[PDB]
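Chain by chain, the residues:
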Amino acid sequence: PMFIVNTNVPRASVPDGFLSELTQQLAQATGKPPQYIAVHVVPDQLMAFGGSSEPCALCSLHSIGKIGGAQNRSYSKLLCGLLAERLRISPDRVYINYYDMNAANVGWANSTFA
Amino acid sequence: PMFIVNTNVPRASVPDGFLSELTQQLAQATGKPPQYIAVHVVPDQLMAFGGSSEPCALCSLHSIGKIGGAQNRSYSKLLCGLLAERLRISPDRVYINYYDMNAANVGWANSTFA
Amino acid sequence: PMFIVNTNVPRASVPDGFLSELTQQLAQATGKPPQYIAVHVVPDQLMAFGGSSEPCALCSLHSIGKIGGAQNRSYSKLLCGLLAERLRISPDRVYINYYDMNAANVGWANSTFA
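Every chain's residues are listed with numbers counted from 1 in the order the sequence is written; these need not match the entry, and residues without coordinates are not shown. A letter from A marks each chain and a number from 1 marks each ligand, given out in the order of writing. The side-chain quantities take in all heavy atoms of the structure and omit both hydrogens and water. Residues with missing side-chain atoms are left out of burial classes, side-chain pairs and their counts.

What the deposited record gives as its method is X-ray crystallography, and the resolution it gives is 1.9800 Å.

1. Describing the environment of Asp92 of chain C
Selection rule: Secondary structure counts use DSSP, requiring at least four H or I residues in a row for a helix and at least two E residues in a row for a strand, with both numbered from the N terminus. The criterion used for residue contact is that any of the two residues' heavy atoms lie within 4.5 Å. Pairing of N or O atoms within 3.5 Å defines a polar contact, subject to two protein rules: one partner must be a possible hydrogen donor and the other a possible acceptor, and residues neighboring in sequence count only if both atoms are side-chain atoms.
Following the sequence through the fold, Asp92 of chain C ends up in the loop between α2 (69–87) and β5 (94–100). For the pair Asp92 of chain C and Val9 of chain C, spaced 83 residues apart in sequence, the C-alpha separation works out to 15 Å. For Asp92 of chain C, the contacting residues outside a window of four places in its chain are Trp108 and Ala109 of chain A together with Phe49 of chain C. Among the polar contacts made by the side chain of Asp92 of chain C, one reaches the side chain of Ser90 of chain C at a distance of 2.6 Å.

2. Describing the UniProt feature "binding site: substrate" in chain A
Residues and elements named next belong to chain A. To be explicit about the condition: UniProt positions are given in the numbering used here, feature names are shortened, and annotations may be inferred rather than shown by experiment. Three exposure classes are used, based on accessible area relative to the maximum for each residue type with a 1.4 Å probe and protein chains only: buried under 20%, partly exposed in between, and exposed over 50%.
If you check UniProt for "binding site: substrate", the listed places come out as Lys32, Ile64 and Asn97 in our numbering. With respect to the helices and strands, the residue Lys32 is situated in the loop between α1 (18–30) and β2 (38–42). In contact with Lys32, not counting residues within four places along its chain, are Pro1, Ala27, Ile37, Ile64 and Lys66. Relative to the elements of secondary structure, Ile64 occurs in the loop between β4 (57–63) and α2 (69–87). Taking the relative accessible area as the measure of exposure, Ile64 reaches 34% and is therefore partly exposed.

3. Concerning the interface of chain A and chain C
As a reminder, the rule being used: Here's the idea: put two parts together, see how much 1.4 Å probe accessible area each one loses, and the total over both is what we call buried area. Here, a salt bridge means any side-chain nitrogen of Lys or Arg that lies within 4 Å of a carboxyl oxygen of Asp or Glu.
Taken together, the 28 residues of chain A in the interface contact 26 residues of chain C. Of the roughly 2100 Å² buried at the junction of chain A and chain C (both faces included), carbon and sulfur atoms supply 57%. Of all residues in chain A, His40, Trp108 and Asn110 of chain A bury the most surface against chain C, accounting for 25% of the area lost on that side. The tally of links from chain A across to chain C stands at zero salt bridges. Within the residue set of the side of chain A that touches chain C, elements represented by two or more residues are α1, β2, β6 (106–108) and β7 (111–112) of chain A.

See below:
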C-alpha cells in the first residue's frame, strides 16, 4: 500500500517521525507488513479547499486489495485522525482518494505483483 | 471535485487569485457548491511534453459523478482556456486525466461519501 | 502516455537528459509517438518505503491502451532499470502504478481523445 498526502501545511509543522507513524498505522489498518507500505508527504503546497486556504489535504491511498466500503470508512477515520492530531488539519478539509489496484497494474522489483 | 495542475511554469507566473478563479469556474462547470471544490497548483516542476521543456501541464480532475464524454470535452475546453490565458500554456501541451470516483472510494470528514 | 516519478533522491542527482531518456525509452516500449509522451520528475521528496528513508520512488504510468499484464512486466523492468542506473534507486524500493485510461477520460488541446 501507498499513501500520499499533499498539504498547504508547512514543512516545519510536519512532526519528526510522522512518516513512521503513518507507516505503522497503515500496516495495522491494511493488515499488510510495514515493509510493503510506502508513504509520501508533500508540504508547503499552493492549495485551496472550499475556496479558502486554511490547512487542508488532498491524499491518496492505493492498495492491491483491502479497499472497500467498510475498510475505507475505517481508513478515513484513522487518517483524518492522524492529520488532525499531527498536522492540525480539520477532517472536513481532507479528501482521500482510494484505489484498489489490480496486481498486474503495480510494478515493483523489475516486474509486477501479478 | 478536486483539480490538480502540475506545471513547469514558474511560481511568479501564476496570477494572484488563480486558485479562486479555478474554484469558481469548476463550481460552475460541475454544478457543485464551491465548498466542495478543492484546487492544487504545483509550479516550477521538472517536466517534459513530447520531450520538450517548453511550458506544459499535467492535470487531474477527480469527481464523484459529473464525469463523462460530453462533460469532459467541456471541462477540457474550459481548463485549457484558463491555463492558456492565465499561465500561457498551449492547449496542445496540456493533459487532463478525468476520474469518476465512487462515493465509497473518497474519504472526507472521518468517513467516506457513501 | 504520462510517466511521473516522485523520489527522495536530490535534484542534483538527476542526470542531465534524464527526462529525454525516459521519453525515448517509453516511446519505444509503448509504441506511442514520442510527441505524445509526457514525463515529470519530482526530486527531494519527503518519503518512506518500508519505513526507511533510503532512496526510493513512487511512480505512475498512464496510457490510452498499451497497458496489460505482459506489457506492464516489460515496463517495470525498463523503468526500474533506468531508476537504478540513473538515480541509484534499488528496484525493490520502487512502486509503479499503471493506469489504462479511457480515451473519453483524457483531455488535451481543448477536447478529449474520444
